[PDB]
There are 2 protein chains.
Amino acid sequence: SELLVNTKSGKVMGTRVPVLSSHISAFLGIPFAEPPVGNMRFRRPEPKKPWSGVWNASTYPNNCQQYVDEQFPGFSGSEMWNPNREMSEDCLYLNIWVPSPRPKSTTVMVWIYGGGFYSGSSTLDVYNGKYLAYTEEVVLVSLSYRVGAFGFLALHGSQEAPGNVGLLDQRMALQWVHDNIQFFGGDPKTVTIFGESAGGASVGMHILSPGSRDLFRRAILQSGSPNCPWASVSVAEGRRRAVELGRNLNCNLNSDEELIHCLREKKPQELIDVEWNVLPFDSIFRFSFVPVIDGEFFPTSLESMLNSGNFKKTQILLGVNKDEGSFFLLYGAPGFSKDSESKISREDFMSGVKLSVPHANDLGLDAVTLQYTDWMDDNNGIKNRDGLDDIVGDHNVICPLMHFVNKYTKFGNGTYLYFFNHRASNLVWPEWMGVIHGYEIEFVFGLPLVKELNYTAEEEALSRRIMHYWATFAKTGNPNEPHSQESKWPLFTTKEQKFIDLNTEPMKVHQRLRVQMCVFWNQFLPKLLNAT
Amino acid sequence: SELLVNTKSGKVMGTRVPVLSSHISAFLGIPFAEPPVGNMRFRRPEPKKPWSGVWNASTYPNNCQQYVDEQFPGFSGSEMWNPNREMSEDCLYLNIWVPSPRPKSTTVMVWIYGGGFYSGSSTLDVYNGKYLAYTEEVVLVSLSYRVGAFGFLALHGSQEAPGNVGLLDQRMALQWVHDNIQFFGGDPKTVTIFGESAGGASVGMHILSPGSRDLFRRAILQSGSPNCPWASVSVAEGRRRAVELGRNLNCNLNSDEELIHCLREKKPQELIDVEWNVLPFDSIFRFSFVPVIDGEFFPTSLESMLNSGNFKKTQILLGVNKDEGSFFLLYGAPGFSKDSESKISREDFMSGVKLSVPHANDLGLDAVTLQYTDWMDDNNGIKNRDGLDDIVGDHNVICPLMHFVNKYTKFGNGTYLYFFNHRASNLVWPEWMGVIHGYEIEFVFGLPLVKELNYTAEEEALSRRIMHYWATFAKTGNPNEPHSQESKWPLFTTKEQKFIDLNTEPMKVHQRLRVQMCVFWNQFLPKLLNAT
Ligand SMILES: *[C@@H]1O[C@H](CO)[C@@H](O[C@@H]2O[C@H](CO)[C@@H](O[C@@H]3O[C@H](CO)[C@@H](O)[C@H](O[C@H]4O[C@H](CO)[C@@H](O)[C@H](O)[C@@H]4O[C@H]4O[C@H](CO)[C@@H](O)[C@H](O)[C@@H]4O)[C@@H]3O)[C@H](O)[C@H]2NC(C)=O)[C@H](O)[C@H]1NC(C)=O
Ligand SMILES: *[C@@H]1O[C@H](CO)[C@@H](O[C@@H]2O[C@H](CO)[C@@H](O[C@@H]3O[C@H](CO)[C@@H](O)[C@H](O[C@H]4O[C@H](CO)[C@@H](O)[C@H](O)[C@@H]4O[C@H]4O[C@H](CO)[C@@H](O)[C@H](O)[C@@H]4O)[C@@H]3O)[C@H](O)[C@H]2NC(C)=O)[C@H](O)[C@H]1NC(C)=O
Ligand SMILES: C[N+](C)(C)CCCCCCCCCC[N+](C)(C)C
Ligand SMILES: C[N+](C)(C)CCCCCCCCCC[N+](C)(C)C
Ligand SMILES: *[C@@H]1O[C@H](CO)[C@@H](O)[C@H](O)[C@H]1NC(C)=O
Ligand SMILES: *[C@@H]1O[C@H](CO)[C@@H](O)[C@H](O)[C@H]1NC(C)=O
Ligand SMILES: *[C@@H]1O[C@H](CO)[C@@H](O)[C@H](O)[C@H]1NC(C)=O
Ligand SMILES: *[C@@H]1O[C@H](CO)[C@@H](O)[C@H](O)[C@H]1NC(C)=O
């Protein structure tokens, strides 16, 4: 049988699924770990005890316990990102989409979802791997990992809540793929991890982390990098937040044993209810429980590992969207709303930069303001709006990724860099939000191929180009076809620093993506804040 | 007789001088003070003892003792600014050009020359007032004042070298004009002081200084303002430099009496030889002996006088040239030379900003660099050259003047602001130096009217417009004619901040002259340097 696969964990039964008037195989909700429940909340994942009999892998698994956006009830723009399954701590499952007939050993792509380490699901409509598996003849895996306090509460020194266990969840999925993907026709020697947002940051963390490096060949990072300021905290900051969480649930704080015991007695939703009370600043684009720089998962600080070349040397492909900031302003910054142009007064501008750069003294705020204000206009509400949008994207996504790119590229074996700036013609969010954080994903997964979803034809063509770049890169470490009359996406080099626009127009090649601003965010501002 | 004028100081005999195939009267080298010689070196000026008999005012007087540029021997571009008369400490004279026939009471314009308070002469070809007096039917005066150590050595606490005596020289000329210009057909109730560079700074100092305010009605400032960083020093900095000068001449430093006595025994050229040894930094656009903020001439700091409105409220007209910096880079910054394009390497750029901002810590230098570097190019020698040129002009001239304009305008009775950006077609300096510091002067004095000097016709027309703006403004406090089909030069207001380009093209009205950069130089950088 073709839906029956025998693995090292036991036999698995999949389903036949329709895709663009053809079929492929799908193995949904395969467990790669023991359920992290009861005593095991906050602990490292345990490998899944082998089972006898056949595991029914015909439906999606549960999603991990998490915050649910309810700002816009029924609005597909927001709800497309919420859990579409029952939430459970019992959530360590992966899903595999396999071509029909089954290949012998093809390229494998493992998807790691985003959501700021506080949210995310492998089971979302946008993450359905069937279009990509079918179109590009690859085995598509999507894993899951604990998020929020459940995956990132960090009481360093303890084994009951060591920190980073959500990242270890990911690694265990990768270990499982390494060990068992051969039985699905996957090539374990050619597996590409890819993710967006925190998933992109996670991908870069697996590049850095010595314990993860041997488990994949290549990586793609979308709008995310390990050195992003929201992506990690120190062990002491993690400890403060752990304690502060316990303070919010009236827990005993005499010791780590008594704190963790108390946090384990709580129902999951009780923790989720107070998750945002623990942030030490009034901020946006900052999340309560994220990876810690612990000494185990990362031997030293992220920056010295990048400087010294302490990372997996391979090929990477990565990029960013035009308007990464706009989501976080909508949700957390005064003046912005879903149903207006959101012209921003001078006061909401100043309020906005405070929120965007929370550790900045007054001089730091003046420096940002000077950098992003048009002083010819100055009071124009659109320019304030757009300036603020650029501040949030540049600081949190574009400029950290550019720092990573420039430092990876000195020691790596190939970088390809993209800037995705197509506004989808069927987008539900207002025009002011531009090319939004997360909306290249639908092109990478081929949703513009399905007629019922109301994309344009030139959008179908863009998605096909993107799926082909991604898959070819997974396959060979180059997104380009050997022959191909189409224009080459060139390597990003230290010297020339070339990247491409990813849009419906014929490919233009640019240089030095946002250098003026990234010299400000990566060199000048830190030096300024350190000297004060 | 028409060349014979009887004044309160005694009778004066002038000469008939030819001007554009007509005649006017000229009274050259009239003394307004006692010669500051011997015991009187460094002392306040004494009023000129009345003389009997007729003072021959038929030839230019001597120039004040001063540094002589010899970088380019025989080069008219440099030598047009050197003394064209014998140098002498006996130099306190003024020159008066009067229309023929003599008027009864017309507008008076008093010219105060520049030269960084270390140089300058009333007698230069470019400062010949006859063209302006004739064309605009005004009485033109040019005064002189001691420069260098002779006019600005400042041992505060002493009466033998109080400081600022060069500024008092100027005031005594103004007092003399107030008292005696009526006898030349001048209206003492309508006298406009105007100057360029340090003369423009001097004009603004007379606006500020309570003892000078009553002696003129209106002011014009060209490429200079009192709050420029090169235009003044504190009493302690003046004292250090005085002592350091004495140290260079092996003088006794036990006391002020013994130091000043020793500096008086020196021949003038001995002081001039070591004048530049006393600057405490490696800098450009900084001069050794300049006005001191003493408490007498200026009751408090320049900035608090501007903030509190402690100044003469009247009409001012002022402006700047496109490329104020280029002279000072040519003379003092590595990479620049008269006979090349002067493309600047990255090293000469960094060397150049150090020189330009001498009190700046490393963070301050990074801030300037960030502000003026195109990071798309970065290594382009032309862009480095032009960036550096803009740094020197903006920091030393444009942005200080804009601060003055914005602060004067809150309390004043009319501001008119210009940006002069015509490169003269007969200019002798290289193209890279652009519209040079001091080269609007030739238009203000009407040299483009003389055929032999090789200007274009549209340059004659520009000079006629400029002489007319200047004279009309002197006359009424508005550079515009009541009727006139030509476009109005609007008032500079706090709200709209309008100014005009002064060039051969039809008048364009702009707003907010160089605000982006002036927010950097006037707000951000000081705050940055104070916080560190
Ligand atoms: C592809 O493009 C097409 C065309 O642009 C899109 O099709 C449109 O889809 C919308 C809905 O998604 C549809 O609008 C509905 O029309 C119905 C009939 O006129 C209405 O009954 C319905 O109103 C209800 O829902 C609204 C919330 O959106 C409420 O404002 C309203 O009060 C109604 O709410 C009712 O809900 C409950 C439960 O059903 C009921 O008990 C009550 O009566 C209550 O009142 C919508 O307005 C458009 O008409 C569609 N247009 C066309 C031409 O088909 C399509 O969505 C696109 N596809 C994708 C995937 O994007
Ligand atoms: C208006 O425009 C016109 C046209 O552009 C300008 O007229 C030109 O003016 C220059 C001089 O200013 C003149 O050049 C001279 O030509 C002479 C005859 O050919 C030369 O003898 C003279 O050379 C001497 O001076 C040079 C320094 O500039 C030296 O390089 C050279 O070695 C010579 O030096 C001599 O000097 C001493 C003392 O005299 C002598 O003992 C030695 O022999 C020694 O050798 C110049 O090259 C041009 O020819 C003029 N052109 C025309 C067409 O007339 C005019 O200047 C402009 N007017 C203004 C006000 O700007
Ligand atoms: C592409 N994804 C799925 C990754 C991220 C965008 C999903 C919408 C949420 C963005 C707004 C931030 C909300 C901040 N929190 C809830 C803390 C307020
Ligand atoms: C328009 N004027 C007459 C006012 C000023 C320009 C005159 C040429 C001198 C500029 C170069 C500065 C030299 C610096 N010092 C000699 C100190 C080196
Ligand atoms: C697997 O589960 C589905 C739905 O829950 C069910 O319909 C199907 O019968 C199951 N498969 C097997 C082989 O029992
Ligand atoms: C990557 O590695 C291969 C094989 O070691 C080498 O020959 C090739 O030049 C490298 N390419 C890049 C872009 O570094
Ligand atoms: C004034 O001086 C000039 C030149 O020095 C001389 O030629 C002239 O005769 C003098 N005038 C009188 C009235 O003596
Ligand atoms: C200046 O002063 C006059 C008379 O006091 C006044 O009426 C006029 O409006 C003022 N103009 C400006 C520009 O301030």
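Structure determination for this PDB entry is given in the record as X-ray crystallography, at a resolution of 2.54 Å.

Going by what the PDB entry lists, chain A is known as Acetylcholinesterase and is assigned to Torpedo californica. Listed as the entry title in the PDB record is "Acetylcholinesterase Methylene Blue no PEG". Among the UniProt annotations of chain A, the heading Catalytic activity holds the following wording: "acetylcholine + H2O = choline + acetate + H(+)". UniProt, in its Subunit section for chain A, records the words "Isoform H form is a homodimer; the asymmetric form is a disulfide-bonded oligomer composed of a collagenic subunit (Q) and a variable number of T catalytic subunits."

A. Quick peek at the sheet that holds strand β4 (residues 23-31) of chain B. Residue and element names in this part refer to chain B. As summarised here, the arrangement of the 11 strands in space is β3-β4-β6-β8-β7-β9-β10-β11-β12-β13-β14, forming an open sheet in which the pairing is mixed. With partners counted over all chains shown, the strands left at the sheet margins are β3 (15-18) and β14 (509-511), one partner each. Between one strand axis and the next, the sheet turns through 25° on average, direction left out of account. In terms of strand pairing, β3 meets β4 through 4 bridges, oriented antiparallel. Within β4, the residue paired with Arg16 across the bridge is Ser25. Packing of helix α4 (residues 165-180) onto the sheet brings it into contact with β4, β6 (93-98), β7 (106-112), β8 (139-142) and β9 (186-196), and relative to β7 it is tilted by some 165°.

B. View of the side chain of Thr373 of chain B. Within the secondary structure, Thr373 of chain B sits in the loop between α12 (362-372) and α13 (381-411). What makes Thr373 of chain B buried here is its relative accessible area of 5%. A polar side-chain atom of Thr373 of chain B sits 2.8 Å from the main-chain carbonyl oxygen of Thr369 of chain B. In this view, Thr373 of chain B contacts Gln516 of chain A together with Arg346, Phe349 and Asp378 of chain B; residues no more than four positions away in its chain are not counted.

C. Looking closely at a nonpolar patch on the surface. All names here are of chain A. Taken together, the side chains of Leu4, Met13 and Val54 define a hydrophobic patch exposed on the protein surface, amounting to about 230 Å² of accessible area. For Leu4, the position within the fold is in strand β1 (residues 4-7). The partly exposed category is assigned to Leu4, whose relative accessible area is 32%.

D. The arrangement of the pattern of salt bridges in detail. Residues and elements named next belong to chain B. In the structure shown here, the tally under the stated rule is 34 salt bridges over all chains. Among the ionic pairs, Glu34 bridges to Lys48, the shortest N-O distance being 3.8 Å. In this pair, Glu34 sits in the loop between β4 and β5 (54-56) while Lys48 sits in the loop between β4 and β5, placing the two residues 14 residues apart along the sequence. Residue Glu34 is classed as buried on the basis of its relative accessible area, which comes to 18%. One salt bridge connects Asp256 with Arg239, and the closest N-O pair in it is separated by 3.1 Å. With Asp256 in helix α7 (residues 256-265) and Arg239 in helix α6 (residues 235-248), the pair connects residues that are 17 residues apart, well separated along the chain. Using a relative accessible area of 24% as the deciding quantity, one classes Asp256 as partly exposed. Look at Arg239 and you get partly exposed, because its relative accessible area is 28%.

E. Highlighting the site of ligand 2. As a structural note, the neighbourhood of ligand 2 is formed by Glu452, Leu453 and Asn454 of chain B. Coverage of ligand 2 by the protein chains reaches 8% of its 1100 Å² of free accessible surface.

F. Main features of the nonpolar core. With 365 residues, the main nonpolar core has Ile96 and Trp470 of chain A together with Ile96 and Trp470 of chain B as its most contacted residues. Apart from residues lying up to four places away in sequence, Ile96 of chain B is in contact with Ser25, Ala26, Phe27, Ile30, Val139, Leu140, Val141, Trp176, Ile181 and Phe184 of chain B.

G. Structural context of the relation of the copies chain A and chain B. Once chain A is rotated about the relating axis by 180° and shifted along it by 0.0 Å, it coincides with chain B to within an RMSD of 0.0 Å. Here the two chains are linked by the operation of a two-fold rotation axis. In terms of proximity to the rotation axis, the leading residue of chain A is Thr532 of chain A, whose C-alpha is 3.1 Å off the axis.

H. Here's a closer look at the site of ligand 3. Taken together, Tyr67, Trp81, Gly115, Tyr118, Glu196, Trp276, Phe327, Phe328, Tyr331, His437 and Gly438 of chain A make up the full set of residues near ligand 3. Within the complex, 85% of the 520 Å² of free accessible area of ligand 3 lies under protein.

I. Local environment of the interface of chain A and chain B. Across the contact, 19 residues belong to chain A and 19 residues belong to chain B. Listing elements by their share of the side of chain A that touches chain B, those giving two or more residues are α12 (362-372) and α16 (515-531) of chain A. For the side of chain A that touches chain B, the element with the highest residue contribution is α16 of chain A, accounting for 8 residues.

J. The UniProt feature "active site" in chain A, seen in detail. Residue and element names in this part refer to chain A. Taken from the UniProt record, the annotation "active site" applies to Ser197, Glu324 and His437. With the annotated positions falling across 241 residues, the maximum pairwise C-alpha distance of 9.7 Å places them together in a single cluster. Counting through the fold element by element, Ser197 comes out in the loop between β9 (186-196) and α5 (198-208). Those residues in contact with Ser197 that lie beyond four places of it in its chain are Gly114, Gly115, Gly116, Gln222, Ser223, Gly224, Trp230 and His437.

Cut-offs used in this document
Residues numbered from 1 in each chain as written, not as in the entry; some residues may be left out. Chains lettered and ligands numbered in written order. Heavy atoms only, no water. Residues with missing side-chain atoms left out of burial classes, pairs and counts. UniProt positions renumbered as here; feature names shortened; annotations may be inferred. Pairing = 2+ DSSP bridges. Helix = DSSP H or I, 4+ residues; strand = E, 2+ residues; numbered from the N terminus. Axes fitted to C-alpha atoms, helices over the stretch in contact; angles between N-to-C directions. Contact = heavy atoms within 4.5 Å. Buried < 20%, exposed > 50% of the residue type's maximum accessible area, 1.4 Å probe, protein only. Polar contact = N/O pair within 3.5 Å; in protein donor to acceptor, adjacent residues only side chain to side chain. Patch = residues over 30% accessible without salt bridge, like charges linked within 9 Å, V, L, I, M, F, W, Y side chains within 5 Å. Areas by Shrake-Rupley, 256 points an atom, 1.4 Å probe, with all protein chains shown as cover. Salt bridge = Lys/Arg side-chain N within 4 Å of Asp/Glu carboxyl O. Near = heavy atom within 4 Å. Core = buried A, V, L, I, M, F, W, Y, C linked by side-chain atoms within 4.5 Å. Least-squares fit on C-alpha atoms.

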